[PDB]
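The structure appears right after this line, and notes come after that.
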Amino acid sequence: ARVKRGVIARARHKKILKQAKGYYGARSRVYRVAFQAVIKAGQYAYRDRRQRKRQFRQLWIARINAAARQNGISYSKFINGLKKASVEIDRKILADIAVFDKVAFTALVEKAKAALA
Amino acid sequence: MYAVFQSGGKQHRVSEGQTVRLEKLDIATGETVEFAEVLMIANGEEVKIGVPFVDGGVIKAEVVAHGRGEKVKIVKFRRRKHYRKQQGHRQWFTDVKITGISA
Amino acid sequence: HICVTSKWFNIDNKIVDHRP
Amino acid sequence: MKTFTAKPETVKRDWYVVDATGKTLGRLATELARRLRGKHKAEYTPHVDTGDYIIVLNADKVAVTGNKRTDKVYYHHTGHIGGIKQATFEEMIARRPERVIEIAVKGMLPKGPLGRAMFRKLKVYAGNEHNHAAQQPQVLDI
Amino acid sequence: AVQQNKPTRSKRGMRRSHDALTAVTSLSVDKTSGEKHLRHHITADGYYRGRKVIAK
Amino acid sequence: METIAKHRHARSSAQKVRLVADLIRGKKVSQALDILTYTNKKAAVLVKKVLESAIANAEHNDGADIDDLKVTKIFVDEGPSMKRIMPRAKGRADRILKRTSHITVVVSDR
RNA sequence: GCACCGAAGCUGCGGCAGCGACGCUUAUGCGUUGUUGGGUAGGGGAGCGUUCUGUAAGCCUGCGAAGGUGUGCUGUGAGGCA
RNA sequence: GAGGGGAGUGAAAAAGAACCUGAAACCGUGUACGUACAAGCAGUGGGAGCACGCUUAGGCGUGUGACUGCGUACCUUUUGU
Ligand SMILES: N[C@@H](Cc1c[nH]c2ccccc12)C(=O)O
Ligand SMILES: N[C@@H](Cc1c[nH]c2ccccc12)C(=O)O
Ligand SMILES: [Mg+2]
Ligand SMILES: [Mg+2]
Ligand SMILES: [Mg+2]
Ligand SMILES: [Mg+2]
Ligand SMILES: [Mg+2]
Ligand SMILES: [Mg+2]
Ligand SMILES: [Mg+2]
Ligand SMILES: [Mg+2]
Ligand SMILES: [Mg+2]
Ligand SMILES: [Mg+2]
Ligand SMILES: [Mg+2]
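Protein chains in written order, with my numbering: chain A, 1 to 117; chain B, 1 to 103; chain C, 1 to 20; chain D, 1 to 142; chain E, 1 to 56; chain F, 1 to 110.
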């Protein structure tokens, strides 16, 4: 039983080129080149799903920090406060409030300062 | 008027009427859920949580359908070592609307 | 076409001995 | 919901004046660089200039520590033949003093495209007054 | 001396940024006969600056 | 009316034909004829014959009125190429492609 | 000496799979629950799809088959359906 | 002349003889967006603006991708690329 092949083949190939849409030159034209481009994109992603959680945390911590300093206290002391502020737990992102509600923040800073007194 | 609450092993800042995506809850599609673990509420002045959680705090919301996220492609590849596996994954969610915020 | 005769030599030729 | 992002179309900025005089170069730079990058706000946006315009006076009177004043190197290359020119700190202050601070913070602002852009917000005047009245620059210490 | 990599389709185009042609604009009309012609050149009919030189 | 004309399997490369085409894209037909007329390239004569054939088409087959008539769309796609052989020496064969082009002129008025 | 930053380590929330036990209940599958799941040579297990025979004088199909090109959905994937 | 545009035949001419289907490399025309102070496997995580659809807004889909974190292709062969 001889097997035509080749209808399933371009299925495999187009399956890849489609994933390469947008890439420069051969990376989006030429399978042999695309199949690589497609893989490494995947590789970075899998990596950068883990990086994303790193990048944002330090994004948050960066701006948590200025606002803390803005209310006259370093990030160091300020998290230690909230920690010691009779237990109490609260995301570093959720300190979102540092950008959108600055009184609420300052308010959080005081509560923290008090525990440190 | 906003408040924040823990639910996904993860917190969220919410105003009422605001829809929000959460890790899956085991609550039927139309029912109503209360979140007692609320970490802060805010008006003109605000109650942060002495210990975690504010005493009178409870955020009320009805679930508004369950679903599965956009497929993500797990790619694993080890060059020059004759190894690779590619794996797809979707991840469940349940969407709640928020109607509570009992300050 | 008619167009079809290739008698490609041998390398080409000149030089090389590349220190022994 | 995605956390916030500064947007170039709507950043604040504001101007300032700083007096180099006795202040020690670099300990100064630090704050310039920090304020230049916006790292004291919703900086919260690596990919956006969120810093303030800030101008520096009396760069010539900037202070140094150690024997730095006669021993700090400052090298650069002309890209030519064998053109490794150098100039000591004092030598620098002597001819275009504003340079000393300029390069000193340029080195502390980030890397590439954006970085270069941040540096444009710093006006470094050798002397005492400055022709920027129009920006109504507000003084600040440190 | 030969390339080590295929120059791209892009690079090719670039090189040709200057290969493009210019029109004329300086096409001008004879004062006697109608006649468009290149400036300082005889017309199709043999007029140039009004006068008829060349019978051909 | 779009009304188009064209020259298939013209002997020229396309790269060459383009350059002459590019001078004409978008002009009032009237100007193009003059432009082509004083453009010293074989591809000019080619493109002209096509443009002319196009006008006469537009004229005799559709509306006409050449005066309000512009070359709105013109392109040249590369045609099939005639393979030949010549030899540079030592028997060592050289393909040489006598390349051809498909000139196309669309002359409308809107 | 007390902070804090910091990893795909630990924990938290959701999910899959193998092996356990305990409870619901056994031509089993649930619910917990403890635990395990980097990997070349290589061993073991389970699968997708292609061509062709039967099933098939059935079934789909000019009210549009195969192939080609898009789009939506779906599966852990090879894929599938529309 | 070559070649072409009409007309006409035909279910079909986009079946016109270089003729069923007509993929891919490769080459153009058109439009959207980016691009002339910027340095590297060209993607990936973030991400404004613009064009477009949405939705009644609601930081939504599609296309592009300033700026930005990270980031030296594949196979083979190797102690190791
Ligand atoms: N130059 C030849 C090497 C060579 C030297 N002597 C020759 C004699 C015959 C053919 C080739 C050679 C090459 O390119 O390989
Ligand atoms: N080996 C010498 C001479 C040489 C030229 N072609 C050769 C071929 C074979 C042997 C020697 C030679 C050189 O390259 O300068
Ligand atoms: Mg982590
Ligand atoms: Mg001979
Ligand atoms: Mg693995
Ligand atoms: Mg078949
Ligand atoms: Mg055909
Ligand atoms: Mg620029
Ligand atoms: Mg470069
Ligand atoms: Mg560099
Ligand atoms: Mg070796
Ligand atoms: Mg080995
Ligand atoms: Mg290596």
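For every residue, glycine included, the Cβ atom is placed at its ideal position computed from N, Cα and C.
For the putative contact between residue i and residue j, defined by C-beta atoms under 8 Å, what is the C-beta separation to the nearest angstrom?
{"i": "residue 125/B", "j": "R90/B", "result": "As shown, chain B starts at 1 and ends at 103. That puts residue 125/B outside it, with no answer to give."}
{"i": "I24/F", "j": "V76/F", "result": "Not a contact, Cβ separation roughly 11 Å."}
{"i": "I101/B", "j": "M1/B", "result": "6 Å"}
{"i": "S12/F", "j": "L46/F", "result": "6 Å"}
{"i": "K92/A", "j": "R57/A", "result": "6 Å"}
{"i": "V99/A", "j": "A42/D", "result": "5 Å"}
{"i": "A133/D", "j": "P97/D", "result": "Going by Cβ atoms, the distance from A133/D to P97/D rounds to 23 Å, so no, they are not a contact pair."}
{"i": "residue 159/D", "j": "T70/D", "result": "Chain D is shown from 1 up to 142; residue 159/D falls before or after that span and cannot be answered."}
{"i": "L51/F", "j": "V107/F", "result": "7 Å"}
{"i": "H66/B", "j": "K24/B", "result": "7 Å"}
Which first and last residues belong to the beta strand (DSSP E) in which residue i is found?
{"i": "residue 112/F", "result": "Residue 112/F lies beyond the residue range present for chain F, which begins at 1 and ends at 110; the question has no answer from this structure."}
{"i": "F75/F", "result": "70-78"}
{"i": "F77/B", "result": "72-78"}
{"i": "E34/B", "result": "32-35"}
{"i": "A65/B", "result": "59-68"}
{"i": "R84/B", "result": "83-89"}
{"i": "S28/E", "result": "27-29"}
{"i": "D19/D", "result": "16-19"}
When we look at the beta-carbon of residue i and count the other beta-carbons within 10 Å, is it buried (16 or more) or exposed?
{"i": "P113/D", "result": "exposed"}
{"i": "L21/E", "result": "exposed"}
{"i": "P137/D", "result": "buried"}
{"i": "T8/E", "result": "exposed"}
{"i": "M118/D", "result": "buried"}
{"i": "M40/B", "result": "buried"}
{"i": "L38/E", "result": "exposed"}
{"i": "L25/D", "result": "buried"}
{"i": "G17/B", "result": "exposed"}
{"i": "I54/E", "result": "exposed"}
{"i": "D26/B", "result": "exposed"}
{"i": "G81/A", "result": "buried"}
{"i": "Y24/A", "result": "exposed"}
For residue i, name the three-state secondary structure that DSSP assigns.
{"i": "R88/F", "result": "strand"}
{"i": "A42/B", "result": "strand"}
{"i": "residue 64/E", "result": "Shown here, chain E extends from 1 to 56; a query on residue 64/E therefore has no answer."}
{"i": "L38/E", "result": "strand"}
{"i": "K52/E", "result": "strand"}
{"i": "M92/D", "result": "helix"}
{"i": "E16/B", "result": "coil"}
{"i": "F56/A", "result": "helix"}
{"i": "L97/F", "result": "strand"}
{"i": "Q3/E", "result": "coil"}
{"i": "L46/F", "result": "helix"}
{"i": "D67/F", "result": "coil"}
{"i": "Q138/D", "result": "strand"}
{"i": "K83/F", "result": "strand"}
{"i": "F5/B", "result": "strand"}
{"i": "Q31/F", "result": "helix"}
{"i": "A68/A", "result": "helix"}
Is residue i near ligand 1, with its Cβ less than 7 Å from a heavy atom?
{"i": "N13/C", "result": "yes"}
{"i": "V2/E", "result": "no"}
{"i": "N5/E", "result": "no"}
Please list the terminal residues of the continuous alpha helix (DSSP H) segment that includes residue i.
{"i": "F93/B", "result": "Per DSSP, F93/B belongs to no alpha helix (DSSP H); it is in the beta strand (DSSP E), 92-96."}
{"i": "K24/B", "result": "Segment: none, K24/B is in no alpha helix (DSSP H) and carries neither H nor E."}
{"i": "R10/A", "result": "7-19"}
{"i": "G81/A", "result": "75-84"}
{"i": "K6/F", "result": "Per DSSP, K6/F belongs to no alpha helix (DSSP H); it is in the beta strand (DSSP E), 4-11."}
{"i": "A87/D", "result": "Neither: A87/D is in no alpha helix (DSSP H) and is coded neither H nor E."}
{"i": "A114/A", "result": "102-116"}
{"i": "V100/D", "result": "98-106"}
Under 7 Å from any heavy atom of ligand 5, does the C-beta of residue i make it?
{"i": "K76/B", "result": "yes"}
Is the beta carbon of residue i within less than 7 Å of some heavy atom of ligand 2?
{"i": "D17/C", "result": "yes"}
Return yes when the C-beta of residue i is under 7 Å from any heavy atom of ligand 4, and no when it is not.
{"i": "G25/A", "result": "no"}
Less than 7 Å separating the Cβ of residue i from some heavy atom of ligand 3?
{"i": "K92/A", "result": "no"}
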